[PDB]
Structures are given as structure tokens and as C-alpha cells.
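Scroll down for the structure; my scribbles are underneath it.
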2 protein chains.
Amino acid sequence: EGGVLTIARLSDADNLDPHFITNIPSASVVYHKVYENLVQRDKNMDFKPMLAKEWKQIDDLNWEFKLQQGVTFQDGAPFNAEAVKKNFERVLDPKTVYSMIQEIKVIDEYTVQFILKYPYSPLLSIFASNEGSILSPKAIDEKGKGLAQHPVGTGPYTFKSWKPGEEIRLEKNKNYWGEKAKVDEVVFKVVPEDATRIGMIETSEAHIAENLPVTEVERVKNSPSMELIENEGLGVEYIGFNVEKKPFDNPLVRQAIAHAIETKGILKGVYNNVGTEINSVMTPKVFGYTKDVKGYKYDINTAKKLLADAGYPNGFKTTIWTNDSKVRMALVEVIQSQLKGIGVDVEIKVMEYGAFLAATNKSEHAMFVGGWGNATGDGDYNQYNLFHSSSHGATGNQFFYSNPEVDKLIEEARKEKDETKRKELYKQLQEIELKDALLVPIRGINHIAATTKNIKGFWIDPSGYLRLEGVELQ
Amino acid sequence: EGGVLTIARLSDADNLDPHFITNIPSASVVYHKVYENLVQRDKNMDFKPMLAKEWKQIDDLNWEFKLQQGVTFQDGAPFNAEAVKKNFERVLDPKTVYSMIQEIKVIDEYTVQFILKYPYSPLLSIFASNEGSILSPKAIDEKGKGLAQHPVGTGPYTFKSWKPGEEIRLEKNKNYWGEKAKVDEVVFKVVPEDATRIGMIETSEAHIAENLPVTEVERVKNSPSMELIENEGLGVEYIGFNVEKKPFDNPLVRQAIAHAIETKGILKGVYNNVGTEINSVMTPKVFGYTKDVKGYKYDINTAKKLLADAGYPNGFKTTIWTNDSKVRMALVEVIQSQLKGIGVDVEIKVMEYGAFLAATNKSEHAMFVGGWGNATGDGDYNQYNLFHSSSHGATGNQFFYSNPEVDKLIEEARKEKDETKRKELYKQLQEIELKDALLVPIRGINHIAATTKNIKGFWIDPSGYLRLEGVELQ
């Protein structure tokens with residue numbers, strides 16, 4: 001029970017304030033390490049206690065939480081209802097991600113109530129995300145170091161130092177309320193060369209190497225000094241259609257293209273099997289997922305027949321839009337090749353991320369390469385941003401899809417209290433979207449890392465966050 | 001027995017004169033199609049009859065060939081001893097690849113003798129290569145179209161037309177002396193987009209698609225309309241050492257680096273298993289190959305111990321030089337990662353092919369990515385150019401290796417008449433070179449193509465040439 005755990009990664013954090021963190025490398029540094037949440041998800045994605053011992057939804061708009069007693073922040077401030085209220089007031093407006101809260105009531109020292117302006121059943125998924133991290137009320141009030149560069153929470157690791165562009169160090173919180181850390185220090189070391197991060201595991205300069213390129217996967221698996229860590233991500237990668245760009249307003253054309261694409265060949269040949277084969281717009285770890293959705297079997301004969309039926313017996317010319325990435329270039333080339341096989345001449349339109357988002361927002365694209373992080377692990381964040389009519393463009397609905405029945409089912413699912421009824425509503429939504437062939441799922445995005453064989457208990461959660469709970473250095 | 005066979009490929013030929021052809025796309029158009037040779041290699045790489053019915057080596061310097069009777073060139077010129085003599089005189093100098101011939105004697109109408117200036121046992125391998133193609137004596141003498149744009153041979157296909165940058169068409173030679181072609185026409189169509197060439201097999205616009213990128217391999221294997229063709233190449237790809245660049249003049253350092261490299265991970269992760277795992281500088285199809293050569297087992301513990309023994313307990317900093325290629329970039333990154341694991345900091349030096357050859361010729365490099373085509377299928381072409389001391393630099397000996405015992409065994413093997421003794425000499429040479437750890441074999445270069453399932457008898461020979469003998473369109 002000790003030692004310095006070194007994590008070699010591509011980049012530094014840019015901010016350690018969880019109310020303003022916009023990326024995975026920053027969130028992984030503090031999530032469940034310096035900071036903790038009211039609730040957390042278990043292996044089965046079920047909500048379990050953390051800083052809240054119990055919780056209940058009273059009526060539709062009232063959420064009550066019973067708090068853990070005997071908990072202290074790393075600066076000595078007690079953890080209580082007032083600390084929770086002060087934390088969520090920092091992200092409140094009574095008419096952000098907490099735009100639904102009207103008021104926070106302190107019932108007693110260890111009981112807090114959230115009063116919503118409008119119903120929002122995915123509330124727990126927000127409290128379990130990095131944005132739900134509870135800050136010290138002392139760091140919020142008392143004069144001192146900014147939260148962006150000096151985080152202070154209840155977690156098993158205390159912030160020790162930050163050498164920007166070089167390393168972040170955390171040290172074991174010896175006053176942690178739960179199971180204390182089994183390492184003395186954690187170092188997030190910035191090592192931009194991918195080859196060097198992995199090699200450092202074999203020299204014992206690092207224990208974990210993040211951000212592995214797919215071309216290094218076999219080099220990791222065949223090394224006797226390390227293990228490949230691959231966890232089931234929330235993220236989805238797909239070929240989407242702008243349903244208002246001709247001829248993709250014709251569902252037969254979208255269906256023909258779906259029958260023309262074969263994803264096992266892409267997963268193996270392009271991604272070296274890093275990822276999950278999926279047939280829905282959600283991964284198995286997202287609440288509301290269904291394994292009973294219409295998939296379009298790879299069948300070139302059916303694809304050709306459907307295109308002819310659609311009025312295109314000699315195919316047509318179109319475009320596929322993507323951001324510039326080496327792996328995304330290999331992906332669109334496979335798609336371009338498979339669509340040529342059914343007489344569809346695809347021109348690749350590639351540009352940097354900013355220009356790609358601006359063009360998709362203006363509805364300039366026909367086919368596009370899409371991705372959605374599904375960060376909260378709840379169907380609402382997936383469905384509202386990707387398929388609701390008010391999300392057209394860079395918000396997520398790059399399909400420019402507007403089906404009043406889908407809008408209604410989404411708004412209904414967001415407000416439904418029964419989880420069984422919520423699940424049925426998301427299953428219906430996935431049925432409509434896949435039957436309408438709005439997209440062709442490529443893969444569930446899996447997170448990969450390499451670790452020394454001398455590590456026990458390390459994993460990456462479905463959000464892509466490094467998880468150090470129960471980690472031991474052997 | 002008929003139809004138009006379409007071959008979609010990356011580039012056009014630049015010349016159809018086999019005495020001046022310097023590349024695979026040009027040679028594949030005429031080899032065993034418009035032109036033929038005195039001899040050819042069978043499936044077991046044994047020399048078999050072609051335009052010569054029989055042959056014998058008289059003493060050391062005299063090679064006699066008995067010619068096939070009843071053979072005519074496509075322009076009506078008879079094939080005979082005078083035609084062979086005129087063809088090889090075009091590539092003769094009695095004090096090119098035929099710098100060994102002193103004189104060509106016409107014994108009778110169907111008997112020809114080659115008199116050598118010096119002994120050269122690999123003579124048949126030169127006669128079986130594209131450079132051994134027999135030109136019409138009428139095309140050499142009589143006034144008309146240049147040989148570079150209008151080839152004329154004895155082959156089963158006659159040259160029909162050339163639309164430069166677009167297509168070359170050959171038609172069935174209805175007067176062919178052997179088994180007549182089972183297709184009417186062959187079209188070598190220039191289609192530069194890789195994705196489009198492969199897709200054309202599914203639309204029936206092409207029957208064969210050449211020059212496949214490794215990222216399309218699985219897309220080919222999973223298509224129901226096509227088959228992946230992969231043949232065992234002569235080419236070798238390796239990591240070489242400049243043995244005069246410190247610290248690689250120390251055989252323990254070269255051996256340590258050889259134990260640090262794992263090639264299955266590269267073959268799978270970088271090349272998608274396109275290629276052959278090998279432990280020698282020769283592939284199994286090269287005459288003289290041995291399966292009993294010292295291989296350095298992937299063993300990081302042995303690598304680290306050997307580096308410490310060598311006087312480098314903390315490793316050292318070095319470079320790896322390569323030409324710019326997407327797949328070669330992924331290869332050197334895996335090597336860089338594996339060498340970091342033993343404390344060797346490798347800087348990648350990448351530049352275009354011309355600059356890379358000039359730098360290796362000036363001995364500027366330490367480690368390098370090497371490749372040797374082994375085109376003739378004979379150990380001499382492999383050994384003389386890569387390891388003989390007179391070949392230092394861009395000629396092939398980028399190792400700057402000069403071992404008098406290796407030079408002597410090479411010169412001895414080139415002049416030895418007994419094939420069993422020749423084989424023993426090449427086995428000894430491979431033992432010395434692999435024991436000296438001059439290089440780390442990465443793979444035997446395999447040639448890949450996609451074909452319609454409606455094709456029978458197509459293959460690519462070990463040289464990378466398309467082979468149409470016995471091809472049928474179903």
C-alpha cells in the first residue's frame with residue numbers, strides 16, 4: 001500500500017474547474033479523485049450511493065437527497081446540505097446544464113432538496129457526470145487560489161501541484177472518508193509522442209499509457225510487460241444522412257446505402273477491432289438501449305434493387321463530409337469503395353473540425369461522418385441532441401430530421417417517472433430512427449490504454465474517464 | 001471462351017520496351033502476354049521450357065539452347081536462333097544486365113549458344129525475367145513504330161492500342177503457338193482512386209483491381225462479389241543497420257535491438273496481415289533460401305541485458321531513416337515504441353525517396369527501413385547488391401558491410417555450377433548475416449489484388465507480375 005503511480009498521456013488538462021471542464025483529459029484528472037458526486041453508476045450502469053446515502057423523487061419536480069455523514073473536504077470544510085446547495089448555486093439560474101433547477105432547499109444538515117422548474121427524469125445522470133462534482137464551500141467563499149488551477153473536494157486524492165504542460169500531481173488524501181487510496185501519489189505526466197508513452201511502460205517510467213493509436217494495439221497485446229485495457233464506451237460513430245439533401249429525402253435511397261455498407265471490415269481493417277459492433281444509435285451502456293432494432297443486412301443485391309426502385313438504376317453522384325483525421329480518412333475511403341459497388345459515386349469532402357461543424361450547421365452536406373459521446377449514459381442526451389427538430393445543425397441533429405412523433409416521444413421520455421416506460425419510449429425512438437435509416441452505425445467507441453502487468457484494479461469507465469478506485473501497485 | 005477482360009490499376013505503363021522497363025506496372029502489361037522468354041519458372045520456382053525446348057551448360061562459359069519449332073512473332077516473322085541472337089545483341093557489349101555475354105553463336109536454325117566473358121550461374125534467372133523478353137527481329141530492323149509504344153512478340157496477346165494515361169488494350173493472338181487465350185481482349189484501365197478500382201468489381205466495370213491499400217483488405221474479403229488474391233512475393237522488408245554508424249558497429253547492440261523487435265504485431269497491426277513472416281534476408285521463393293537461420297527471439301529482458309553488456313545500461317539516442325509513406329510511418333512508430341521499451345530513444349528521419357537514397361549513399365543513417373525486390377528469384381541478386389563490399393550505398397549495401405569472407409562466398413556462389421553447392425553457399429551467407437544481426441526482417445512482401453468471383457486461373461507471380469495464362473471468364 002504505497003508508491004507513485006505514473007500516468008503518461010498525450011496532453012495536459014486545460015482547466016480543473018468541473019463546472020467549466022469541456023474535455024476528457026481534464027475531467028479524468030479530478031473525477032472520483034479530487035472530487036466526488038452525490039451518486040455514481042455501478043458496473044450494470046445502476047445509480048448507487050456516493051456523497052448521497054439515499055435519494056427519492058417526490059411528486060415530479062422535487063428530488064430529495066440524504067447525505068453521507070462524517071465527510072470532510074480536503075481543506076477541512078465539513079460536507080453537508082449547505083455545501084451541496086452552495087456548489088449547485090454556482091451553476092443555477094431561477095428563470096447551463098442545471099437550467100432546470102428553480103430552487104435548492106436545505107431541509108436539515110444532511111438533507112437537501114432540488115426543486116425543478118420543469119420535469120427532468122435524467123437528473124441523476126447529470127449529478128453522476130463530472131459537472132456534478134461537489135466543490136469545497138471554503139474554496140468558493142474564502143480568499144485564495146482559483147478553482148481552475150487548485151481543485152478541492154472530498155475525494156481520495158488531494159491536489160498537490162501543477163507544472164503546466166508537464167505534469168499534474170495528486171497525493172493520497174489520508175483523511176478520505178471511504179476506502180483510502182493504496183498509492184501515495186498519482187502523476188499525470190504529459191508525453192506527446194505516442195510511441196514513447198507506450199515504451200515507458202516497459203522501462204517502468206510509467207504504469208499507464210493513455211491515448212493509444214490503433215496501429216499500436218498489437219504491439220501492446222504482444223508485449224510481455226503490459227496489458228491492453230479496452231473498455232466499453234458510450235460514444236457512437238456512424239455514417240449519417242442529411243435527410244433534406246436530395247436524393248437522401250427518399251427513404252429507399254437511405255435504405256439502399258445502409259444495405260451497401262459492411263462494418264466488420266471497417267472495424268477490423270481500419271480500427272484493428274478497437275470498438276464494438278452495434279446496430280443502434282446508442283451503445284449497450286446508454287440507458288434506453290435495445291438489442292431488438294432494425295438493422296440493414298449487408299446485401300449489395302438488395303442495395304442495387306432499392307436504388308433502381310428509388311429511380312436510380314445507374315446510381316448517382318454525392319458527397320461524404322468528415323473532419324480531417326488519418327483514421328477517418330481510411331473510414332470514408334472504405335465507405336466510398338462500398339458505395340461505388342452499387343453505382344454511387346462518392347466525393348470525399350474533408351476539412352478541419354471548425355469548418356466541418358460550420359458546413360454541417362448550414363446544411364451543406366449530404367452524407368457525413370458523425371460521432372456522439374452520449375456522456376451522461378442516458379437516452380435523453382443521445383435523443384434530444386441528435387434527433388429532436390430544435391437541435392438542427394452543429395447542436396447534433398446534422399440529419400436535419402424533424403418528425404413530430406419523434407419530438408413528442410423525446411419530450412415524453414424526458415418527463416416520464418417510470419424507468420420501464422422510459423425504456424419503452426427510447427426503444428420506440430430507436431425503431432423509428434433505424435427504420436427511417438437516418439444513419440448507419442459504424443461502431444461503439446471503445447477507450448484503449450496500456451498498463452504495466454504490475455497494476456491491479458485499473459479501468460476506464462464508459463465516459464472515457466480513468467478510474468483509480470481500488471487500484472493497487474504490485 | 002471469349003469476352004473483354006478489364007484490369008483496373010493505379011497507373012499506366014510508361015514504356016513497353018522490355019530492355020528499358022524499370023517498373024512492375026509496365027512489365028505486367030507485356031510479360032508472358034505480348035512477349036515470351038527462353039525459359040520460365042514453375043510453381044516450385046524450377047526452370048521449365050518456354051521458347052527454348054531444352055538447354056545445357058557446356059563447360060562454365062557456354063550455354064546452349066534448343067528452340068521451339070513452329071513459332072511465329074505477331075508480325076509474321078519466324079522465331080528462330082537468328083531472332084534470339086538479334087534480340088540479345090540489342091543488350092550486348094563484348095568488352096547492362098547482359099554485360100557477361102562475349103558472343104552469341106547461331107549453331108543452326110533452332111540452336112543458339114551464349115558465350116560468357118566470365119562465369120555467371122544465375123544466367124537462367126535473367127532469361128526468365130522481363131528483360132529476357134524476345135522482340136521481333138522485324139520490329140528491330142524494318143521501318144516502323146517504336147518498340148516503346150508498340151511491342152511485338154510471340155505471346156498469346158497481340159498489342160492493339162494505347163491511349164496514354166487511360167488504357168492499354170491487347171487482343172487475343174489467334175495465331176499463338178501454345179494454348180490460345182480464352183478471352184478476346186485484355187484492357188489495362190488507368191483508375192487512380194483506390195476505392196473506385198475495387199468498387200468497379202461489384203458493378204462489373206472491372207474484373208481485376210490491382211494496387212490495393214492494406215486498409216481495403218477486409219472490405220475485399222467480406223464482399224460476396226469478389227475474392228482477395230494474395231501471392232507469395234520475392235520482396236523483403238527489414239530494419240537494417242549502418243554497421244559503421246556508432247554504436248551499431250558493436251554486434252551486441254545490433255543483437256539487443258533485434259531481440260527488442262516483435263514482427264507479428266507489425267504484420268497484423270500495420271499491414272493487416274498482408275505479407276509473410278520471415279527470419280531471413282530472402283523469401284522462401286528465392287533460390288538459396290534456408291528455414292534454418294538464427295532468429296533473435298523477441299525478448300525484452302535479453303535485449304536490456306545485451307545493451308547493458310554492450311556498455312549502454314541506460315540506453316542511447318539514435319535515428320531511424322525511411323522514405324515518406326503512410327504505412328512506413330506506422331511501421332517506424334511501432335519500432336520507435338518497441339526500442340523505447342529497452343531505453344533506446346529513436347528519432348524518426350523521414351524524407352522523400354530521392355533524398356533518402358542520397359542520404360543512405362553518404363552513410364548519414366544509423367537504422368533504416370530497407371526493401372529489396374529480389375526480382376530474379378536468385379540468391380545472387382539478393383546477396384551481391386545487399387551484402388557485397390563493392391555495393392556500399394544506394395546500390396543496396398546500405399549496411400556499409402564489408403566482410404571479406406562474405407565477398408568470397410558471394411563471388412564463389414555466382415560461379416558455382418552445382419545447384420546443391422550453390423544452395424549451401426547461400427545458406428552459409430544467410431547464417432553469417434543473421435548471426436551478425438545486420439538486419440531485422442519485418443516481412444516477405446506479398447502482392448494483393450481483388451478479382452470478380454467470375455474469374456478462374458488468375459494469379460500474381462512472386463515478382464508482382466499479373467499472370468493471365470489459363471485465365472477464363474465464367
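All of this is worked out from the model, or read from it or from the source named; no laboratory instrument gave them. With ideal geometry, Cβ positions are generated from the backbone for all residues, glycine too; neighbour counts draw on all protein chains shown.
A few notes on this one:
- Residue check for A:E237: under 26 Å from A:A13 (Cα atoms) and either more than 8 Å from chain B (Cβ to nearest Cβ) or surrounded by fewer than 23 Cβ atoms within 10 Å (Cβ to Cβ) (or both): yes
- Residue match in region B:284-295 (condition: surrounded by 19 or more Cβ atoms within 10 Å (Cβ to Cβ), within 9 Å of chain A (Cβ to nearest Cβ), assigned to a loop (DSSP other than H, G, I, E, B) and aromatic (F, W, Y)): no
- Residue match in region B:248-264 (condition: within 22 Å of the chain's Cα centre (by Cα), surrounded by 19 or more Cβ atoms within 10 Å (Cβ to Cβ) and assigned to a loop (DSSP other than H, G, I, E, B)): yes
- Taken together, the residues in region B:233-247 that are under 18 Å from the mean Cα position of the chain (by Cα) and not aromatic (F, W, Y) amount to 5.
- Scope region A:240-266; condition more than 14 Å from chain B (Cβ to nearest Cβ) and among the aliphatic types (A, V, I, L, M); matching residues: A:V243, A:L252, A:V253, A:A258
Yes/no per residue for (1) in the same structural domain as A:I278 (by CATH); (2) of a type in the set (D, E):
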residue	(1), (2)
A:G396	yes, no
A:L409	yes, no
A:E419	yes, yes
A:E424	yes, yes
A:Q428	yes, no
A:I442	yes, no
A:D461	no, yes
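- Answer residue from region B:222-234, given it is surrounded by fewer than 22 Cβ atoms within 10 Å (Cβ to Cβ) and part of a loop (DSSP other than H, G, I, E, B) and is farthest from the other protein chains (Cβ to nearest Cβ) among those: B:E232
- Boolean, B:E210 is buried (at least 19 other Cβ atoms within 10 Å of the Cβ) and under 29 Å from A:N272 (Cβ atoms): yes
- Which numbered condition A:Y271 fails, given (1) among the aromatic types (F, W, Y); (2) farther than 14 Å from A:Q338 by Cβ; (3) away from chain B (no Cβ under 14 Å): (3)
- Of residues in region B:107-150 being over 22 Å from the mean Cα position of the chain (by Cα) and of a type in the set (V, I, T), the one farthest from B:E82 (Cα to Cα): B:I115
- Of the helices (runs of 4 or more DSSP H) contained entirely in region B:307-409, those carrying at least 1 residues that are within 14 Å of chain A (Cβ to nearest Cβ), surrounded by 15 or more Cβ atoms within 10 Å (Cβ to Cβ) and not charged (D, E, K, R) fall at B:326-340.
- The number of residues in region B:166-206 that are within 14 Å of chain A (Cβ to nearest Cβ) and either closer than 17 Å to B:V471 by Cα or assigned to a loop (DSSP other than H, G, I, E, B) (or both) comes to 7.
- Test: residue in region A:266-273 that is of a type in the set (K, R) and outside the structural domain of A:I455 (by CATH): yes
- Residue that is under 30 Å from B:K56 (Cβ atoms) and in contact with a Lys or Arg (Cβ under 6 Å, 6 or more places away or on another chain), where the choices are B:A437, B:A413: B:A413
- There is at least one residue in region B:13-32 that is over 20 Å from B:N173 (Cα atoms) and among the aromatic types (F, W, Y).
- Residue match in region A:115-127 (condition: part of a loop (DSSP other than H, G, I, E, B), within 23 Å of A:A148 (Cβ to Cβ) and of a type in the set (G, A, S)): no
- For region A:447-467, residues that are surrounded by fewer than 19 Cβ atoms within 10 Å (Cβ to Cβ) and assigned to a loop (DSSP other than H, G, I, E, B) total 3.
- Filter result for the condition that a residue is part of a strand (DSSP E or B), of a type outside the set (D, E) and surrounded by fewer than 22 Cβ atoms within 10 Å (Cβ to Cβ), over A:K43, A:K95, A:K53: A:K53
- Residue check for A:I432: of a type in the set (V, I, T) and farther than 22 Å from A:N211 by Cα: yes
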